[PDB]
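This document starts with one chain, in the form deposited in one PDB entry, laid out as C-alpha cells.
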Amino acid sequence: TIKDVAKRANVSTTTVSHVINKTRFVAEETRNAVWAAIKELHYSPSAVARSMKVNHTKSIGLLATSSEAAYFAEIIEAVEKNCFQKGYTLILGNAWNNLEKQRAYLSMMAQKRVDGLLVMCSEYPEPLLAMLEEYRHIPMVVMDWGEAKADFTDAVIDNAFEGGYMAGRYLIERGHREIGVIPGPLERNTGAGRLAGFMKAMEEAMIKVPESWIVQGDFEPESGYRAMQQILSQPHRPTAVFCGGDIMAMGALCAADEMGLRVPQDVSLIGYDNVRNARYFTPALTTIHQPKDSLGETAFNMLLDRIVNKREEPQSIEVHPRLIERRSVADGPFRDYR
C-alpha cells in the first residue's frame, strides 16, 4: 500500500518512507504531496512489515497470574501507563498459575516477538523456572520474587520481609501480645515472606503464636472470611490479627461484623498492600503499603534498559514497604506497661 501511496504522490516509496519517518531531508512540496496521498488514500503504515525489517515490535508482554485482583490490577495499570508513554504496546497474558497455560502464553509471546517480557507468576516451581530459562534470549524481568531466584533475568524486590516485621512491631508497640495471623500462600513471596518478617518480630518479643492462631488464606476475601471465623470461633482468642493482604482483610472484617465482634474494639486488624480502596474499608484499614506504581515503573525501566542499552547482566532493584496508620487498630492491654 505504501506503493499505492508513492504512486498517488508520483515519488518513490523510499521517499514516502523517508517522510513518514523523517529519516532524511525531503523537499517541502514533496513532503506535502506525500502527506496528501497518505491522507486521501487513508494510509496506515504496517508495523508488521516494519517490524519485519527493523527487528523489534515495540511491544511488551506481561505474563501475569490474574488481573481482577486489586493488588494485581493496580500493578498492571501502572505498567501499561509506562508502556504507553514510551511508545510500547502491552500484551496482557493471564496464566492462572497453570504451567500449561504458562508454557502457552510464553510461546505465543516469543512468536509474536515481544521486545521484552514482564513476569508476574506468583509461584515458581523448578518446572517454571525451567521454561523461563528457555527464553533467556528474550529480555525479561520478574516483578515478584523476594530474592533473586535466577541469573538470566532482572528483578525488582519488594522487601516483603521487612514489611512483615513492620506489621508485627506495630501490633507489639500497640500493647498487643495475643496475635493471630492469616497469611497468604506460602509458595509466594508476599505469602511466606510477609509471614516470616512478622514471625521474627514475635520471637524478638518472645511472643508465641499458637498454631490454632495462624490460618492460611489465598488472598481472596472468602479465605479471609473463613480464617477470621475460625480464629474468633475458638475458646481463647487473640486481640489482634495480622492479615497477609487487604482484600482478605476486607473479608476478615465482614465475618467479625457478622459474629457481632467490633473492630477495632473487639479485635484489631492490620492488613497488607494498601490497596486503592482500603481507606474506605469499614473501618478505614490500617495497613502496610506496597509501592505498586514504583513496582511497575521500576520494572518497565530495567527492561527498557536491557532492551535499548542491550544490557546483558542481571540486575535487581529493591523497593520499600511502609506502614499506614488508619482506624482498624486499637491499643492492646500492655500499652501502658512499656
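Rigid core: the largest C-alpha set superposing within 1.5 Å between the two forms. For every residue, the number given is its place in the sequence shown, counted from 1.
Beyond what is shown, the protein has a form deposited in another entry; the following relates to that form.
- prompt: Of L117, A240, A227, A167, which one's CA moves 2 Å or more between the shown form and the other one, core aligned?
  reply: Between the two forms, the residue that moves is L117.
- request: Return yes or no for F198: a CA shift of at least 2 Å between the shown form and the other one, with the rigid core superposed?
  value: No, because once the rigid core is superposed, the C-alpha of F198 moves less than 2 Å between the shown form and the other one.
query: Once you line up the core, how about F72: does its CA shift reach 2 Å between the shown form and the other one?
result: Shift at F72: 2 Å or more after core fit.
message: If the two forms are fitted on the core, does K81 show a Cα displacement reaching 2 angstroms between the shown form and the other one?
response: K81 C-alpha, core-superposed: shift of 2 Å or more.
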